[PDB]
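Engineer: Supplied structure: query.txt, compact mmCIF, N, CA and C atoms.
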# COMPACT_ATOMS: atom_id res chain seq x y z
N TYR A 1 8.02 125.76 110.15
CA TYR A 1 7.81 126.41 111.48
C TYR A 1 6.69 127.45 111.37
N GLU A 2 6.02 127.71 112.49
CA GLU A 2 4.96 128.70 112.51
C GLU A 2 5.39 129.87 113.39
N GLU A 3 5.20 131.08 112.87
CA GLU A 3 5.58 132.28 113.60
C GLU A 3 4.38 132.94 114.23
N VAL A 4 4.61 133.55 115.39
CA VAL A 4 3.57 134.26 116.12
C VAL A 4 4.19 135.57 116.57
N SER A 5 3.48 136.67 116.32
CA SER A 5 3.96 138.00 116.69
C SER A 5 3.10 138.57 117.81
N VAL A 6 3.74 138.94 118.92
CA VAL A 6 3.01 139.48 120.05
C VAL A 6 3.65 140.75 120.61
N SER A 7 2.86 141.49 121.39
CA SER A 7 3.33 142.72 122.01
C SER A 7 2.88 142.74 123.46
N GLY A 8 3.84 142.80 124.38
CA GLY A 8 3.50 142.82 125.79
C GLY A 8 3.53 141.44 126.42
N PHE A 9 3.62 141.40 127.75
CA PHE A 9 3.69 140.13 128.45
C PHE A 9 2.41 139.31 128.38
N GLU A 10 1.27 139.98 128.44
CA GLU A 10 -0.02 139.30 128.40
C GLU A 10 -0.19 138.49 127.12
N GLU A 11 0.08 139.12 125.98
CA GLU A 11 -0.04 138.44 124.70
C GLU A 11 0.96 137.29 124.59
N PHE A 12 2.17 137.51 125.10
CA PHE A 12 3.21 136.48 125.06
C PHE A 12 2.77 135.23 125.82
N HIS A 13 2.36 135.43 127.06
CA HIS A 13 1.92 134.34 127.92
C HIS A 13 0.79 133.56 127.25
N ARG A 14 -0.09 134.29 126.58
CA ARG A 14 -1.22 133.68 125.88
C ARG A 14 -0.73 132.80 124.74
N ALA A 15 0.24 133.32 123.98
CA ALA A 15 0.81 132.60 122.85
C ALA A 15 1.49 131.30 123.27
N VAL A 16 2.22 131.32 124.38
CA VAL A 16 2.91 130.11 124.82
C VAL A 16 1.93 129.06 125.33
N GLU A 17 0.84 129.50 125.94
CA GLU A 17 -0.16 128.57 126.46
C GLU A 17 -0.84 127.80 125.33
N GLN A 18 -1.02 128.47 124.20
CA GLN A 18 -1.65 127.85 123.04
C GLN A 18 -0.72 126.90 122.29
N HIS A 19 0.56 126.90 122.65
CA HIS A 19 1.54 126.03 122.01
C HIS A 19 2.31 125.23 123.06
N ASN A 20 1.72 125.11 124.25
CA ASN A 20 2.32 124.39 125.37
C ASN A 20 3.05 123.09 125.01
N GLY A 21 2.60 122.41 123.95
CA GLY A 21 3.23 121.16 123.58
C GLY A 21 4.14 121.18 122.36
N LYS A 22 4.75 122.32 122.08
CA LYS A 22 5.64 122.46 120.93
C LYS A 22 6.94 123.13 121.36
N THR A 23 8.03 122.86 120.64
CA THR A 23 9.31 123.48 120.95
C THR A 23 9.15 124.96 120.60
N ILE A 24 9.41 125.83 121.57
CA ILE A 24 9.25 127.27 121.36
C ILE A 24 10.53 128.09 121.45
N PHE A 25 10.74 128.96 120.47
CA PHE A 25 11.88 129.87 120.43
C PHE A 25 11.26 131.26 120.50
N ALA A 26 11.75 132.10 121.40
CA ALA A 26 11.20 133.44 121.52
C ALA A 26 12.28 134.49 121.36
N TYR A 27 11.96 135.54 120.61
CA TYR A 27 12.88 136.65 120.38
C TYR A 27 12.27 137.85 121.07
N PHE A 28 13.00 138.42 122.03
CA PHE A 28 12.52 139.57 122.78
C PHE A 28 13.21 140.80 122.23
N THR A 29 12.42 141.78 121.80
CA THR A 29 12.96 142.99 121.20
C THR A 29 12.17 144.23 121.61
N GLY A 30 12.75 145.40 121.38
CA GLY A 30 12.07 146.63 121.73
C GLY A 30 10.97 146.95 120.74
N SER A 31 9.92 147.61 121.21
CA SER A 31 8.81 147.97 120.34
C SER A 31 9.14 149.15 119.45
N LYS A 32 8.45 149.25 118.32
CA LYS A 32 8.63 150.36 117.40
C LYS A 32 7.40 151.23 117.62
N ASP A 33 7.56 152.54 117.64
CA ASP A 33 6.40 153.41 117.86
C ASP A 33 5.51 153.49 116.63
N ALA A 34 4.48 154.33 116.69
CA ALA A 34 3.55 154.48 115.58
C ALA A 34 4.31 154.93 114.33
N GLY A 35 5.35 155.74 114.53
CA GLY A 35 6.13 156.22 113.41
C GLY A 35 7.09 155.18 112.84
N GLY A 36 7.26 154.08 113.56
CA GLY A 36 8.15 153.02 113.11
C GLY A 36 9.56 153.14 113.65
N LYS A 37 9.75 153.99 114.65
CA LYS A 37 11.07 154.19 115.25
C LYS A 37 11.35 153.20 116.37
N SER A 38 12.56 152.62 116.36
CA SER A 38 12.97 151.65 117.38
C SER A 38 13.93 152.28 118.39
N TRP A 39 13.71 152.00 119.67
CA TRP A 39 14.57 152.56 120.71
C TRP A 39 15.76 151.68 121.04
N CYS A 40 15.76 150.46 120.50
CA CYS A 40 16.83 149.51 120.75
C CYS A 40 17.66 149.25 119.48
N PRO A 41 18.79 149.97 119.33
CA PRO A 41 19.68 149.84 118.17
C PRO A 41 20.17 148.42 117.91
N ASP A 42 20.61 147.73 118.96
CA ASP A 42 21.11 146.37 118.80
C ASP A 42 20.03 145.43 118.32
N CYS A 43 18.78 145.73 118.66
CA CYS A 43 17.66 144.90 118.25
C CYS A 43 17.45 145.02 116.74
N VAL A 44 17.61 146.24 116.23
CA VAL A 44 17.44 146.50 114.80
C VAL A 44 18.50 145.76 113.98
N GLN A 45 19.73 145.79 114.47
CA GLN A 45 20.86 145.14 113.81
C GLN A 45 20.81 143.62 113.90
N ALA A 46 20.22 143.11 114.97
CA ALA A 46 20.17 141.67 115.16
C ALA A 46 19.00 140.95 114.51
N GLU A 47 17.88 141.65 114.31
CA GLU A 47 16.71 140.97 113.76
C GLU A 47 16.95 140.24 112.45
N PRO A 48 17.62 140.89 111.48
CA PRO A 48 17.87 140.22 110.20
C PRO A 48 18.71 138.95 110.35
N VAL A 49 19.63 138.96 111.32
CA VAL A 49 20.50 137.81 111.57
C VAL A 49 19.68 136.66 112.15
N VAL A 50 18.82 136.98 113.12
CA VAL A 50 17.97 135.97 113.73
C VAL A 50 17.01 135.36 112.70
N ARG A 51 16.40 136.21 111.88
CA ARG A 51 15.47 135.72 110.87
C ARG A 51 16.15 134.87 109.81
N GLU A 52 17.41 135.18 109.51
CA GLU A 52 18.17 134.40 108.54
C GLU A 52 18.40 133.02 109.16
N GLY A 53 18.57 132.99 110.47
CA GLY A 53 18.79 131.73 111.17
C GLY A 53 17.57 130.83 111.15
N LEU A 54 16.39 131.41 110.93
CA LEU A 54 15.15 130.63 110.90
C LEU A 54 15.14 129.61 109.77
N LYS A 55 16.03 129.79 108.80
CA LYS A 55 16.12 128.86 107.68
C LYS A 55 16.71 127.53 108.14
N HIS A 56 17.25 127.52 109.35
CA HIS A 56 17.87 126.33 109.92
C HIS A 56 17.03 125.63 110.98
N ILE A 57 15.88 126.21 111.32
CA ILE A 57 15.01 125.61 112.34
C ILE A 57 14.50 124.24 111.94
N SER A 58 14.40 123.36 112.92
CA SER A 58 13.90 122.01 112.69
C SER A 58 12.38 122.05 112.65
N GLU A 59 11.79 121.29 111.73
CA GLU A 59 10.35 121.24 111.57
C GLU A 59 9.60 120.99 112.87
N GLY A 60 8.38 121.52 112.96
CA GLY A 60 7.56 121.33 114.15
C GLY A 60 7.84 122.29 115.30
N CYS A 61 8.56 123.37 115.02
CA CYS A 61 8.88 124.35 116.06
C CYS A 61 8.06 125.62 115.93
N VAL A 62 8.04 126.41 117.00
CA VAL A 62 7.30 127.66 117.01
C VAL A 62 8.23 128.83 117.31
N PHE A 63 8.09 129.92 116.57
CA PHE A 63 8.90 131.11 116.78
C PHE A 63 8.01 132.26 117.19
N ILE A 64 8.26 132.82 118.37
CA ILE A 64 7.47 133.93 118.86
C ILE A 64 8.29 135.22 118.82
N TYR A 65 7.81 136.18 118.04
CA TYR A 65 8.46 137.48 117.90
C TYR A 65 7.75 138.32 118.95
N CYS A 66 8.49 138.76 119.97
CA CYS A 66 7.86 139.51 121.04
C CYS A 66 8.39 140.91 121.28
N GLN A 67 7.55 141.92 121.05
CA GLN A 67 7.95 143.31 121.31
C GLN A 67 7.61 143.52 122.78
N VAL A 68 8.63 143.81 123.59
CA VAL A 68 8.42 143.96 125.03
C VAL A 68 7.77 145.26 125.47
N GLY A 69 7.85 146.29 124.64
CA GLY A 69 7.25 147.57 124.99
C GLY A 69 8.20 148.73 124.73
N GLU A 70 7.84 149.92 125.20
CA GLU A 70 8.67 151.11 125.03
C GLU A 70 9.82 151.11 126.04
N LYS A 71 10.82 151.95 125.80
CA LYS A 71 12.00 152.01 126.66
C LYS A 71 11.73 152.20 128.16
N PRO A 72 10.86 153.16 128.52
CA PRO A 72 10.56 153.39 129.94
C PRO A 72 10.00 152.15 130.62
N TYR A 73 9.22 151.37 129.87
CA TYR A 73 8.63 150.15 130.41
C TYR A 73 9.70 149.08 130.58
N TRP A 74 10.58 148.96 129.59
CA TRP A 74 11.64 147.97 129.69
C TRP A 74 12.56 148.29 130.86
N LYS A 75 12.81 149.58 131.11
CA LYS A 75 13.70 149.98 132.19
C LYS A 75 13.14 149.71 133.58
N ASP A 76 11.82 149.60 133.70
CA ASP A 76 11.17 149.33 134.98
C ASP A 76 11.67 147.98 135.50
N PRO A 77 12.34 147.96 136.68
CA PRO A 77 12.83 146.68 137.21
C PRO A 77 11.76 145.68 137.61
N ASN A 78 10.52 146.15 137.74
CA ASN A 78 9.42 145.28 138.13
C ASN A 78 8.60 144.78 136.94
N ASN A 79 9.03 145.04 135.70
CA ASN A 79 8.19 144.58 134.59
C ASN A 79 8.12 143.05 134.53
N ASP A 80 7.01 142.53 134.00
CA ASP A 80 6.78 141.09 133.93
C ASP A 80 7.82 140.23 133.23
N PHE A 81 8.48 140.77 132.22
CA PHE A 81 9.51 140.00 131.53
C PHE A 81 10.68 139.73 132.45
N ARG A 82 11.10 140.75 133.20
CA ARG A 82 12.21 140.59 134.12
C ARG A 82 11.88 139.65 135.28
N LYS A 83 10.74 139.89 135.93
CA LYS A 83 10.35 139.08 137.08
C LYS A 83 9.85 137.67 136.80
N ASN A 84 9.10 137.49 135.72
CA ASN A 84 8.54 136.17 135.41
C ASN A 84 9.38 135.28 134.50
N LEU A 85 10.03 135.87 133.51
CA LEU A 85 10.83 135.09 132.56
C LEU A 85 12.33 135.24 132.74
N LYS A 86 12.74 136.14 133.62
CA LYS A 86 14.15 136.38 133.87
C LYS A 86 14.87 136.87 132.62
N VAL A 87 14.16 137.62 131.78
CA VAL A 87 14.75 138.19 130.57
C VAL A 87 15.18 139.57 131.05
N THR A 88 16.49 139.80 131.11
CA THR A 88 16.99 141.07 131.62
C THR A 88 17.70 141.96 130.62
N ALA A 89 17.63 141.60 129.34
CA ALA A 89 18.27 142.40 128.31
C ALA A 89 17.62 142.13 126.98
N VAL A 90 17.64 143.13 126.10
CA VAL A 90 17.11 142.95 124.75
C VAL A 90 18.21 143.43 123.82
N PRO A 91 18.40 142.74 122.69
CA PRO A 91 17.64 141.55 122.28
C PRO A 91 18.04 140.29 123.03
N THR A 92 17.10 139.36 123.14
CA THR A 92 17.36 138.06 123.75
C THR A 92 16.65 137.03 122.88
N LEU A 93 17.35 135.95 122.56
CA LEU A 93 16.78 134.86 121.78
C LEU A 93 16.81 133.67 122.74
N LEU A 94 15.62 133.19 123.09
CA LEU A 94 15.48 132.12 124.05
C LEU A 94 14.77 130.87 123.56
N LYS A 95 15.25 129.72 124.01
CA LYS A 95 14.60 128.46 123.68
C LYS A 95 13.78 128.27 124.96
N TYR A 96 12.50 128.59 124.88
CA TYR A 96 11.59 128.53 126.02
C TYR A 96 11.62 127.23 126.82
N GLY A 97 11.68 127.37 128.14
CA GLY A 97 11.70 126.22 129.02
C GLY A 97 13.06 125.58 129.20
N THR A 98 14.05 126.07 128.46
CA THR A 98 15.41 125.53 128.55
C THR A 98 16.40 126.63 128.93
N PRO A 99 17.68 126.26 129.13
CA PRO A 99 18.68 127.26 129.49
C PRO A 99 19.26 127.97 128.27
N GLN A 100 19.20 127.32 127.11
CA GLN A 100 19.74 127.91 125.89
C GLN A 100 19.15 129.28 125.57
N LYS A 101 20.01 130.30 125.60
CA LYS A 101 19.59 131.66 125.30
C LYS A 101 20.79 132.48 124.82
N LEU A 102 20.53 133.42 123.92
CA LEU A 102 21.57 134.29 123.38
C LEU A 102 21.17 135.71 123.77
N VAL A 103 22.14 136.52 124.18
CA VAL A 103 21.81 137.87 124.59
C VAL A 103 22.68 138.93 123.93
N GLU A 104 22.06 140.07 123.64
CA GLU A 104 22.73 141.20 123.04
C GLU A 104 23.61 140.86 121.84
N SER A 105 24.91 141.11 121.93
CA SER A 105 25.78 140.85 120.79
C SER A 105 25.84 139.39 120.33
N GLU A 106 25.43 138.47 121.19
CA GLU A 106 25.42 137.07 120.81
C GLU A 106 24.42 136.85 119.67
N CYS A 107 23.39 137.70 119.63
CA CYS A 107 22.36 137.60 118.60
C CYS A 107 22.83 138.05 117.23
N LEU A 108 24.03 138.63 117.16
CA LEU A 108 24.59 139.11 115.90
C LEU A 108 25.52 138.09 115.27
N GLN A 109 25.78 137.00 115.98
CA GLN A 109 26.69 135.96 115.49
C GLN A 109 25.90 134.81 114.87
N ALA A 110 25.95 134.70 113.55
CA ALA A 110 25.22 133.66 112.83
C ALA A 110 25.48 132.25 113.35
N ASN A 111 26.73 131.96 113.68
CA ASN A 111 27.10 130.65 114.19
C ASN A 111 26.32 130.28 115.45
N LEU A 112 26.27 131.21 116.40
CA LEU A 112 25.55 130.98 117.65
C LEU A 112 24.05 130.83 117.40
N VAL A 113 23.51 131.68 116.54
CA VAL A 113 22.09 131.65 116.21
C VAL A 113 21.72 130.32 115.55
N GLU A 114 22.55 129.89 114.60
CA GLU A 114 22.31 128.63 113.91
C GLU A 114 22.32 127.45 114.88
N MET A 115 23.29 127.45 115.79
CA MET A 115 23.43 126.38 116.76
C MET A 115 22.23 126.29 117.71
N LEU A 116 21.55 127.42 117.92
CA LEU A 116 20.39 127.43 118.81
C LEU A 116 19.17 126.89 118.08
N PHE A 117 19.01 127.27 116.81
CA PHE A 117 17.88 126.81 116.01
C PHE A 117 18.05 125.38 115.51
N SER A 118 19.29 124.94 115.35
CA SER A 118 19.56 123.58 114.88
C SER A 118 18.82 122.59 115.75
N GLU A 119 19.47 122.14 116.81
CA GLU A 119 18.85 121.18 117.73
C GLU A 119 17.96 121.94 118.71
Will you turn the file into structure tokens for me?
Structural biologist:
Amino acid sequence: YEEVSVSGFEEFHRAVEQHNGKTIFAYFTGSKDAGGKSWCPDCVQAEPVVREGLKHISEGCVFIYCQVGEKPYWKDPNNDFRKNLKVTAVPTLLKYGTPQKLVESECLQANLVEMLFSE
């Protein structure tokens, strides 16, 4: 699998367009500041679980690690992630273009994560 790391909606949209013909999995998480501090506790706890699940991904897939921005931006009800992708909580693990998605505490359960990356 090939990983792509992006920050913000613009970069995300760009990344998906360049892989329009591949199975895409996207992980939406809070951004870390210059100091490396994360405002989303659940995101910090879930990342290692999601990445461990990557060992189960089927060949030929794409994984997009997406930092959505700072807390004030995420809280804005009009931000692009909420309005365009219907992502209303972080962390969120989504199989792009499909209904399969895991949210918040679901991202901490290895079984659920594995089942999403499997097929």
Engineer: Let's see if you can do this: from backbone DSSP, list all alpha helix (DSSP H) residues in chain A, as a ChimeraX atom specification.
Structural biologist: /A:9-17,41-53,71-75,80,110-118
Engineer: Would you compute the distance between atom CA of residue A:25 and atom N of residue A:80? Give it in Å to one decimal.
Structural biologist: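 If I compute the distance from atom CA of residue A:25 to atom N of residue A:80, I get 19.2 Å.
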Engineer: Between atom C of residue A:15 and atom CA of residue A:95, what is the distance in Å, rounded to a tenth?
Structural biologist: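 Computing the Euclidean distance for atom C of residue A:15 and atom CA of residue A:95 yields 13.4 Å.
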Engineer: Go through A:39, A:34, A:24, A:2 one by one, measure the shortest atom-to-atom distance of each to residue A:71 using only N, CA and C atoms, and give the residue with the smallest value.
Structural biologist: A:39
Engineer: Just the residues within 12 Å of residue A:47, please, counting only C-alpha atoms, with nothing from its chain fewer than 4 positions along; format it as an MDAnalysis selection string.
Structural biologist: chainID A and resid 27:30 38 40:43 51:54 65:67 90:93 104:110 113
Engineer: Counting only N, CA and C atoms, which of A:49, A:36, A:8, A:62 gets nearest to residue A:23?
Structural biologist: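 Counting only N, CA and C atoms, the residue closest to residue A:23 is A:62.
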Engineer: If you run DSSP over the backbone, which residues in stretch 1-43 of chain A end up strand (DSSP E or B)? Put them as an MDAnalysis selection string.
Structural biologist: chainID A and resid 2:7 23:29 32 38
Engineer: Kindly give the distance, in Å, that separates atom CA of residue A:20 and atom C of residue A:70, rounded to a single decimal.
Structural biologist: 27.8 Å
Engineer: Measuring atom to atom with all atoms listed in the file, identify which of A:85, A:6, A:102, A:116 is nearest to residue A:58.
Structural biologist: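 Using all atoms listed in the file, residue A:58 sits closest to A:116.
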Engineer: In terms of the shortest atom-to-atom distance over all atoms listed in the file, which of A:13, A:69, A:83, A:119 is closest to residue A:32?
Structural biologist: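 Smallest separation from residue A:32 among the options: A:69.
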Engineer: Go through A:9, A:74, A:79, A:50 and flag the residue nearest residue A:94, using only C-alpha atoms for the distances.
Structural biologist: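 Among the listed residues, A:50 lies closest to residue A:94.
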Engineer: What would stretch 43-68 of chain A look like with N, CA, C and O atoms in place, written as a compact mmCIF listing (two decimals), in the frame of the given file?
Structural biologist:
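Output below, filename out_8.txt:
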# COMPACT_ATOMS: atom_id res chain seq x y z
N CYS A 43 18.78 145.73 118.66
CA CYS A 43 17.66 144.90 118.25
C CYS A 43 17.45 145.02 116.74
O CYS A 43 17.14 144.04 116.07
N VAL A 44 17.61 146.24 116.23
CA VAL A 44 17.44 146.50 114.80
C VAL A 44 18.50 145.76 113.98
O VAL A 44 18.20 145.19 112.93
N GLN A 45 19.73 145.79 114.47
CA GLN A 45 20.86 145.14 113.81
C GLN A 45 20.81 143.62 113.90
O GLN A 45 21.29 142.92 113.01
N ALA A 46 20.22 143.11 114.97
CA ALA A 46 20.17 141.67 115.16
C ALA A 46 19.00 140.95 114.51
O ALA A 46 19.11 139.77 114.19
N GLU A 47 17.88 141.65 114.31
CA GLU A 47 16.71 140.97 113.76
C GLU A 47 16.95 140.24 112.45
O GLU A 47 16.53 139.09 112.30
N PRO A 48 17.62 140.89 111.48
CA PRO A 48 17.87 140.22 110.20
C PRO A 48 18.71 138.95 110.35
O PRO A 48 18.54 137.99 109.60
N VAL A 49 19.63 138.96 111.32
CA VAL A 49 20.50 137.81 111.57
C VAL A 49 19.68 136.66 112.15
O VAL A 49 19.81 135.52 111.73
N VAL A 50 18.82 136.98 113.12
CA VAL A 50 17.97 135.97 113.73
C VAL A 50 17.01 135.36 112.70
O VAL A 50 16.83 134.14 112.66
N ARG A 51 16.40 136.21 111.88
CA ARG A 51 15.47 135.72 110.87
C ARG A 51 16.15 134.87 109.81
O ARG A 51 15.55 133.93 109.28
N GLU A 52 17.41 135.18 109.51
CA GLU A 52 18.17 134.40 108.54
C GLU A 52 18.40 133.02 109.16
O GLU A 52 18.42 132.01 108.45
N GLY A 53 18.57 132.99 110.47
CA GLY A 53 18.79 131.73 111.17
C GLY A 53 17.57 130.83 111.15
O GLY A 53 17.69 129.62 111.33
N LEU A 54 16.39 131.41 110.93
CA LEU A 54 15.15 130.63 110.90
C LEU A 54 15.14 129.61 109.77
O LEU A 54 14.34 128.67 109.79
N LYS A 55 16.03 129.79 108.80
CA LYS A 55 16.12 128.86 107.68
C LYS A 55 16.71 127.53 108.14
O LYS A 55 16.66 126.53 107.42
N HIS A 56 17.25 127.52 109.35
CA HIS A 56 17.87 126.33 109.92
C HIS A 56 17.03 125.63 110.98
O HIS A 56 17.42 124.59 111.50
N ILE A 57 15.88 126.21 111.32
CA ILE A 57 15.01 125.61 112.34
C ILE A 57 14.50 124.24 111.94
O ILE A 57 14.22 123.99 110.77
N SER A 58 14.40 123.36 112.92
CA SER A 58 13.90 122.01 112.69
C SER A 58 12.38 122.05 112.65
O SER A 58 11.75 122.77 113.43
N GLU A 59 11.79 121.29 111.73
CA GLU A 59 10.35 121.24 111.57
C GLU A 59 9.60 120.99 112.87
O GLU A 59 10.11 120.33 113.78
N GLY A 60 8.38 121.52 112.96
CA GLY A 60 7.56 121.33 114.15
C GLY A 60 7.84 122.29 115.30
O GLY A 60 7.41 122.04 116.42
N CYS A 61 8.56 123.37 115.02
CA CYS A 61 8.88 124.35 116.06
C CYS A 61 8.06 125.62 115.93
O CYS A 61 7.46 125.89 114.89
N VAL A 62 8.04 126.41 117.00
CA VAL A 62 7.30 127.66 117.01
C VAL A 62 8.23 128.83 117.31
O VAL A 62 9.08 128.72 118.20
N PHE A 63 8.09 129.92 116.57
CA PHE A 63 8.90 131.11 116.78
C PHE A 63 8.01 132.26 117.19
O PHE A 63 7.11 132.66 116.45
N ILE A 64 8.26 132.82 118.37
CA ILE A 64 7.47 133.93 118.86
C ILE A 64 8.29 135.22 118.82
O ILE A 64 9.34 135.32 119.46
N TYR A 65 7.81 136.18 118.04
CA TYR A 65 8.46 137.48 117.90
C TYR A 65 7.75 138.32 118.95
O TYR A 65 6.55 138.57 118.85
N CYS A 66 8.49 138.76 119.97
CA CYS A 66 7.86 139.51 121.04
C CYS A 66 8.39 140.91 121.28
O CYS A 66 9.54 141.07 121.66
N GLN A 67 7.55 141.92 121.05
CA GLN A 67 7.95 143.31 121.31
C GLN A 67 7.61 143.52 122.78
O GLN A 67 6.46 143.42 123.19
N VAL A 68 8.63 143.81 123.59
CA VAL A 68 8.42 143.96 125.03
C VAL A 68 7.77 145.26 125.47
O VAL A 68 7.21 145.33 126.57
